[PDB]
Amino acid sequence: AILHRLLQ
Amino acid sequence: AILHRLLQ
Amino acid sequence: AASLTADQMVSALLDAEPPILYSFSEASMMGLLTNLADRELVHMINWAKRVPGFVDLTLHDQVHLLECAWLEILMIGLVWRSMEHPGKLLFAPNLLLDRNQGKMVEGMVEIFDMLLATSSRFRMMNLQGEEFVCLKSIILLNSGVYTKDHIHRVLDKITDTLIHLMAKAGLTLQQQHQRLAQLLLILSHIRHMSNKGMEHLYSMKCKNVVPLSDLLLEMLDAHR
Amino acid sequence: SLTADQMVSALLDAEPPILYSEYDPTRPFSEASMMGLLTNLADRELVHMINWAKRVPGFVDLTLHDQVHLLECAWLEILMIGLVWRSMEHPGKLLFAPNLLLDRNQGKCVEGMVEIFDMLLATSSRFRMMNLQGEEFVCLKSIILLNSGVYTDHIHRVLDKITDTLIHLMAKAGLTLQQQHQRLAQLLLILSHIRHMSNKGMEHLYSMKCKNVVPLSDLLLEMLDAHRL
Ligand SMILES: C[C@]12CC[C@@H]3c4ccc(O)cc4CC[C@H]3[C@@H]1CC[C@@H]2O
Ligand SMILES: C[C@]12CC[C@@H]3c4ccc(O)cc4CC[C@H]3[C@@H]1CC[C@@H]2O
């Protein structure tokens, strides 16, 4: 999931 | 409208 | 209306309360639910006419607010009735449905889960009946209002009434403001659930899974 | 542990910038090109939104899964309250970007969008009527982030602190005790309207996607997908 990565 | 009539 | 005291507002709203009406296959359950909704709707109209300030509005405005808010009003009613039944939705005294029975209808369990979580929220807040009727009146007057001060003055009076109830209960100033906010934020969640429910009802209508009353059909297509 | 003044300073500092659209004034709009501009803008704002959310007190303490859920639930509400705020000083128009200021007649370019424009405009008008302040706006936007997905105890404590902060701001601005709870209620009831607009907007975006009107970024597809329309 892209948002999951972006939150990091 | 029915609602119109119900409101009287 | 604007000349009522807090205690008189509360008494007016408590007296205006509608009756609790009595009520598997997918068509069976949806038939039971929509049949109930249709009968509740007739009583909702009488209730609305007794919410202080509502009859001061034009017939056009009364129609608009009820078209906007009717499913929110049915849902907050359902959540209130279900508060004392963890994991269950008390649609009627003789129709208490558990969470898994929502799977009996397509797309319904997701809506059940949202309603159950709201009921659970009410329970953890220990929502009071006096608070519940204030919130329901706010839904009626607020949900369609952005489409001029009389309604807003009435809304301010209901806020005053909620705060009065909380002061009467011994909450501190800080606790009153916090609880007022907590209650009003639940109305965002009720709006969300109404929007999802309206989409679902529209989908059932298209499939002809169930016959819908003329009134319900008109309340539905008001949401275009 | 934050005071109200510290809460406000933190939120004001965390504010994202106002971005520009890719508007090309050499050509007329089509339904497709207008949707392209709006979604291209949304996608670039989302990157800033993600970084803003990490600066909202208490948000980064949540699990990554909870952070994902809250943003998935709230992202279009947050874009919309930002738009309505930007548009306050422009009666009858929506300031999507400094180079993309649209009225309702321009909204008619896209099937079904004028109805949504009308709701956003009405909300902007309500903000104006209330004289909404910047400090109040950033509190509301943070409340949307933490509340919208919260019913799907730490978060509630944070939400209570934002309530404290709103009242503090109103008190500091000289409102009477009664005016304070009345205005607190008026502001929070706006959030019901913003939720409503987001749900309508989400259905509209889904329709555009399903008619192949506009290519959506992978991120936007996943943010839309989260709403399982
Ligand atoms: C509208 C639905 C049928 C009628 C339901 C009802 C029926 C009666 C009532 O008192 C409350 C509710 C809320 C949930 C509603 C349902 C949500 C989806 C479904 O289509
Ligand atoms: C989601 C839409 C495109 C993106 C739009 C946008 C884009 C950027 C932004 O800052 C705010 C908004 C709110 C209105 C949104 C629109 C409502 C319907 C349309 O599909």
# chains A, B, ... in the order shown; residues from 1 in each chain; ligands from 1
>>> interface_residues(of="chain D", to="chain C", cutoff="8 Å", atoms="only C-alpha atoms", output="list in words")
residues 119, 122, 123, 126, 147, 148, 151, 152, 160, 163, 164, 167, 178, 181, 182, 184, 185, 188, 189, 191, 192, 193, 195, 196 and 199 of chain D
>>> residues_around(residues="segment 38-43 of chain C", least_positions_apart="6", cutoff="8 Å", atoms="only C-alpha atoms", output="NGL selection string")
(:B and (6)) or (:C and (18-19 or 21 or 70 or 74 or 213 or 215-216))
>>> residues_around(residues="residue 8 of chain B", least_positions_apart="3", cutoff="12 Å", atoms="only C-alpha atoms", output="NGL selection string")
(:B and (1-5)) or (:C and (42 or 45-46 or 49 or 55 or 58-60 or 62-63))
>>> write_last_selection(atoms="N, CA and C atoms", output="compact mmCIF listing (two decimals), in the first residue's frame")
# COMPACT_ATOMS: atom_id res chain seq x y z
N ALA B 1 -46.06 16.21 -3.63
CA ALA B 1 -45.28 15.20 -2.93
C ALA B 1 -46.05 14.65 -1.74
N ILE B 2 -45.91 13.36 -1.48
CA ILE B 2 -46.58 12.74 -0.34
C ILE B 2 -46.19 13.45 0.96
N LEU B 3 -44.90 13.76 1.10
CA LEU B 3 -44.40 14.41 2.31
C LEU B 3 -45.09 15.74 2.54
N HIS B 4 -45.31 16.47 1.44
CA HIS B 4 -46.07 17.71 1.47
C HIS B 4 -47.44 17.49 2.11
N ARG B 5 -48.14 16.45 1.67
CA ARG B 5 -49.47 16.13 2.21
C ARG B 5 -49.42 15.68 3.66
N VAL C 42 -44.01 8.03 8.95
CA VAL C 42 -45.25 8.77 9.21
C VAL C 42 -45.21 9.39 10.60
N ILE C 45 -42.85 12.54 10.93
CA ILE C 45 -43.43 13.82 10.51
C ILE C 45 -44.17 14.50 11.66
N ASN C 46 -44.96 13.74 12.42
CA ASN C 46 -45.63 14.30 13.60
C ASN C 46 -44.64 14.83 14.62
N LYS C 49 -43.05 18.20 13.59
CA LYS C 49 -43.96 19.32 13.80
C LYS C 49 -43.98 19.80 15.26
N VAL C 55 -42.32 24.32 12.90
CA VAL C 55 -43.55 24.72 12.22
C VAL C 55 -43.55 26.20 11.84
N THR C 58 -41.39 27.61 6.46
CA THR C 58 -42.28 27.39 5.32
C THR C 58 -42.40 25.90 5.07
N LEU C 59 -43.51 25.51 4.44
CA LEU C 59 -43.73 24.13 4.06
C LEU C 59 -42.58 23.62 3.20
N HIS C 60 -42.08 24.47 2.30
CA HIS C 60 -40.94 24.12 1.45
C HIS C 60 -39.71 23.77 2.30
N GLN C 62 -39.62 22.90 5.52
CA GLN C 62 -39.93 21.71 6.31
C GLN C 62 -39.70 20.44 5.50
N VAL C 63 -40.19 20.45 4.26
CA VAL C 63 -40.01 19.32 3.36
C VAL C 63 -38.52 19.07 3.10
>>> residues_near_ligand(ligand="ligand 2", cutoff="8 Å", atoms="only C-alpha atoms and all ligand atoms", output="PyMOL selection string")
chain D and resi 35+38-43+45+76+79-80+82-83+96-97+113+116-117+198+200-206+208
>>> atom_distance(atom1="atom CA of residue 169 of chain D", atom2="atom CA of residue 67 of chain D")
27.6 Å
>>> residues_near_ligand(ligand="ligand 1", cutoff="7 Å", atoms="only C-alpha atoms and all ligand atoms", output="PyMOL selection string")
chain C and resi 30+33-34+36-37+40+71+74-75+77-78+91+108+111+197-198+200-201+204
>>> write_last_selection(atoms="C-alpha atoms", output="JSON list (two decimals), in the first residue's frame")
[["chain", "number", "residue", "atom", "x", "y", "z"],
["C", 30, "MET", "CA", -35.15, -6.06, 3.66],
["C", 33, "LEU", "CA", -36.68, -3.23, 7.52],
["C", 34, "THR", "CA", -38.17, -1.06, 4.77],
["C", 36, "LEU", "CA", -40.73, -0.62, 9.41],
["C", 37, "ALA", "CA", -38.92, 2.46, 8.06],
["C", 40, "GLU", "CA", -41.68, 5.11, 11.28],
["C", 71, "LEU", "CA", -32.40, 8.38, 7.42],
["C", 74, "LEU", "CA", -34.03, 6.73, 11.75],
["C", 75, "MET", "CA", -30.43, 5.70, 12.43],
["C", 77, "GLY", "CA", -33.13, 6.33, 16.81],
["C", 78, "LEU", "CA", -31.92, 2.79, 16.09],
["C", 91, "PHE", "CA", -34.85, -2.38, 15.06],
["C", 108, "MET", "CA", -25.56, -4.69, 4.82],
["C", 111, "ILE", "CA", -23.58, -0.71, 7.61],
["C", 197, "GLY", "CA", -27.36, 3.66, 3.80],
["C", 198, "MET", "CA", -28.97, 5.81, 1.09],
["C", 200, "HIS", "CA", -27.52, 0.81, -0.24],
["C", 201, "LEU", "CA", -31.26, 1.48, -0.31],
["C", 204, "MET", "CA", -31.87, -2.57, -3.40]]
>>> closest_atom_pairs(of="chain D", to="chain A", cutoff="10 Å", atoms="only C-alpha atoms", output="CSV")
residue,atom,partner,partner_atom,distance
D:46,CA,A:3,CA,9.7
D:47,CA,A:6,CA,8.0
D:50,CA,A:7,CA,6.5
D:51,CA,A:7,CA,7.6
D:53,CA,A:7,CA,9.1
D:54,CA,A:7,CA,7.9
D:60,CA,A:7,CA,9.2
D:64,CA,A:4,CA,6.7
D:65,CA,A:4,CA,7.5
D:67,CA,A:7,CA,8.0
D:68,CA,A:4,CA,6.2
D:69,CA,A:4,CA,9.7
D:71,CA,A:3,CA,8.7
D:72,CA,A:3,CA,8.6
D:218,CA,A:2,CA,7.8
D:219,CA,A:2,CA,6.1
D:220,CA,A:2,CA,9.6
D:222,CA,A:1,CA,7.7
D:223,CA,A:3,CA,8.2
>>> write_last_selection(atoms="N, CA, C and O atoms", output="compact mmCIF listing (two decimals), in the first residue's frame")
# COMPACT_ATOMS: atom_id res chain seq x y z
N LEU D 46 -1.94 15.68 -1.54
CA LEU D 46 -1.92 14.53 -0.64
C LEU D 46 -0.54 14.27 -0.05
O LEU D 46 -0.41 13.87 1.11
N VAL D 47 0.50 14.48 -0.84
CA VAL D 47 1.86 14.31 -0.34
C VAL D 47 2.13 15.27 0.82
O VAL D 47 2.69 14.88 1.85
N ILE D 50 0.09 14.17 3.99
CA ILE D 50 0.67 13.08 4.73
C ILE D 50 1.69 13.62 5.71
O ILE D 50 1.73 13.23 6.88
N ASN D 51 2.50 14.57 5.26
CA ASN D 51 3.52 15.14 6.13
C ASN D 51 2.94 16.07 7.19
O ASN D 51 3.45 16.11 8.31
N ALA D 53 -0.03 15.54 8.56
CA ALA D 53 -0.67 14.66 9.54
C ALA D 53 0.33 14.19 10.60
O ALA D 53 0.00 14.05 11.77
N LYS D 54 1.57 13.96 10.17
CA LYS D 54 2.62 13.50 11.09
C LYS D 54 2.96 14.56 12.14
O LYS D 54 3.57 14.26 13.18
N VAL D 60 1.47 10.55 15.20
CA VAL D 60 2.57 9.63 14.90
C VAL D 60 2.74 8.55 15.97
O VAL D 60 3.48 7.58 15.77
N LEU D 64 1.11 2.40 12.26
CA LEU D 64 1.04 2.75 10.84
C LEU D 64 -0.33 2.39 10.25
O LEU D 64 -0.87 3.12 9.41
N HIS D 65 -0.90 1.27 10.69
CA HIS D 65 -2.20 0.83 10.19
C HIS D 65 -3.30 1.82 10.57
O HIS D 65 -4.17 2.12 9.76
N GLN D 67 -2.80 5.04 11.31
CA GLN D 67 -2.52 6.26 10.55
C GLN D 67 -3.08 6.17 9.14
O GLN D 67 -3.69 7.13 8.64
N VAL D 68 -2.87 5.02 8.50
CA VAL D 68 -3.39 4.76 7.15
C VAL D 68 -4.91 4.89 7.15
O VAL D 68 -5.50 5.56 6.29
N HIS D 69 -5.55 4.26 8.13
CA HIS D 69 -7.01 4.24 8.18
C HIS D 69 -7.58 5.65 8.33
O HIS D 69 -8.52 6.03 7.62
N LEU D 71 -6.25 8.60 7.57
CA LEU D 71 -6.06 9.39 6.35
C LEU D 71 -6.94 8.88 5.20
O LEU D 71 -7.49 9.68 4.44
N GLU D 72 -7.09 7.56 5.07
CA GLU D 72 -7.98 6.99 4.05
C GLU D 72 -9.41 7.48 4.23
O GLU D 72 -10.10 7.80 3.27
N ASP D 218 -1.79 6.21 -8.85
CA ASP D 218 -1.93 5.01 -8.05
C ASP D 218 -2.37 5.36 -6.63
O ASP D 218 -3.19 4.66 -6.05
N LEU D 219 -1.81 6.43 -6.09
CA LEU D 219 -2.14 6.84 -4.72
C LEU D 219 -3.62 7.19 -4.62
O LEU D 219 -4.33 6.72 -3.73
N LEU D 220 -4.08 8.03 -5.54
CA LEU D 220 -5.48 8.42 -5.58
C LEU D 220 -6.40 7.20 -5.78
O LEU D 220 -7.45 7.10 -5.16
N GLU D 222 -5.88 4.24 -4.71
CA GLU D 222 -5.93 3.49 -3.46
C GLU D 222 -6.72 4.25 -2.39
O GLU D 222 -7.43 3.63 -1.60
N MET D 223 -6.61 5.58 -2.38
CA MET D 223 -7.37 6.40 -1.43
C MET D 223 -8.86 6.31 -1.73
O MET D 223 -9.70 6.30 -0.83
>>> closest_residue(among="C:67, C:72, C:110, C:98", to="chain B", atoms="only C-alpha atoms")
C:67
>>> residues_around(residues="residue 32 of chain C", least_positions_apart="3", cutoff="10 Å", atoms="only C-alpha atoms", output="MDAnalysis selection string")
chainID C and resid 23 26:29 35:37 91 95 210
>>> atom_distance(atom1="atom CA of residue 93 of chain C", atom2="atom CA of residue 76 of chain C")
16.1 Å
>>> closest_residue(among="C:10, C:167, C:16, C:44", to="chain B", atoms="only C-alpha atoms")
C:44
>>> select_by_dssp(residues="chain A", states="helix (DSSP H, G or I)", output="PyMOL selection string")
chain A and resi 2-6
>>> residues_around(residues="residue 120 of chain D", least_positions_apart="6", cutoff="9 Å", atoms="only C-alpha atoms", output="ChimeraX atom specification")
/D:80-81,83-84,94,194,197
>>> atom_distance(atom1="atom CA of residue 177 of chain D", atom2="atom CA of residue 170 of chain C")
17.1 Å
